[PDB]
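Here's the structure, in structure tokens; my notes come after.
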Amino acid sequence: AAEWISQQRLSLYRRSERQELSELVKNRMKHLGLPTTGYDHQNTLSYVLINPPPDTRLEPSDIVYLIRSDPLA
Amino acid sequence: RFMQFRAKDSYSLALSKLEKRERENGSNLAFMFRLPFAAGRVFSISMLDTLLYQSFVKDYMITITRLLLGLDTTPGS
Amino acid sequence: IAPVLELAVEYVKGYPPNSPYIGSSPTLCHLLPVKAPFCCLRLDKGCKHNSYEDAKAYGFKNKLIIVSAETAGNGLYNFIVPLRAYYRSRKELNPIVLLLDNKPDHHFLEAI
Ligand SMILES: [K+]
Ligand SMILES: [Zn+2]
């Protein structure tokens, strides 16, 4: 069994911090009873353009703040 | 010096004179000749601060200390 | 002396299941075949599996190690890990008694 535990030793030594955090979360989930799956990072940058010029070009993933008129009046 | 205090003991109080003599010469390890420390009964976390300041010159010192304590496990060590 | 040459209950061995914190180096340790229930980790009270209430009723074969700490956390885990490492002799395993002031939380007990 020396070869198997050596394999596990190198694998656990080569594992990163992201794997450590993921395994901690999954261990907590399986201890409380929730399924480990579903836990399956955000390479995104966002900012707010207040009143851009009327010539501004629209990009995907954009969200426009609106003042929508009163539906009741 | 207070870990195992034998007040009625000549040797334990001559160690005080030895420690004073060492401290006169600017020695940082003045506590070293106390019997509890020499026998391994007591340590202070101030050695960890000394280790941290040593790592400014000896970057390998923290890793060596952790390897001796088994805190970090590199295969083949 | 030979001259040096210039050239050349049974316990399982494995890593602890629940590492208590991120960065804890995984060490191959002597482990119980099945995790001990939280009741069996207590010297004070008796349980379904054991009615012993002090260390003499346990009848340890090796001399004990007593840790007098205030609270049990990751520090006590880092204390226990070297004493149960796989290269330490199993025949010379010293029972560890944590003399705590506060009742240990479930995280430390699950870790140990
Ligand atoms: K008991
Ligand atoms: Zn029990």
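A short reminder: the numbers here are calculations on the coordinates, not readings from a lab. Note: ideal-geometry Cβ built from the backbone for every residue, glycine included; neighbour counts use all protein chains shown.
A protection proxy built from the mean count of other Cβ atoms within 10 Å ranks the segments C:16-22, C:53-59, most packed first, as C:16-22, C:53-59.
Taking label positions 7 Å along the Cα-Cβ direction at both C:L31 and A:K30, the computed distance is 1.1 nm, reported to one decimal. Taking the average, over residues, of other Cβ atoms within 10 Å as the packing measure, peptides C:73-80, A:19-26 rank C:73-80, A:19-26 from highest down. For C:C47, the residues whose modelled amide H falls within less than 5 Å of its own, excluding neighbours fewer than 5 places apart on the same chain, are C:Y52.
Note on C:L64 and A:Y39: with the Förster distance fixed at 35 Å, the Cβ-Cβ geometry gives a FRET efficiency of about 0.25. Directionally averaged projected area (the protein assembly as shown, Cα convex hull): 33.7 nm².
Suppose every K and R has +1 on its Cβ and every D and E has -1 on its Cβ; what is the size of the dipole of region A:7-73 about the Cα centre, in Debye to the nearest 20?
600
Quick one: pull the percentage of alpha-carbon pairs in chain A with a separation above 16 Å. Roughly 74 percent, rounded to a whole number. Taking amide H as placed 1.01 Å from N in the peptide plane, C:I96 has its amide H under 5 Å from the amide H of C:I65, each at least 5 places away in sequence or on another chain. Only beta bridges with both residues in the protein assembly as shown are counted; by DSSP, about 45 percent of them are antiparallel. Counting Cβ atoms of other protein chains within 10 Å of each residue's Cβ and taking the mean over peptide C:19-25 gives 4.
Peptide C:52-63 shows a mean partner chain C-beta count of 0 within 10 Å per residue C-beta.
Among the residues of B:64-73, the average count of other protein chain beta-carbon atoms within 10 Å of the residue beta-carbon is 3.
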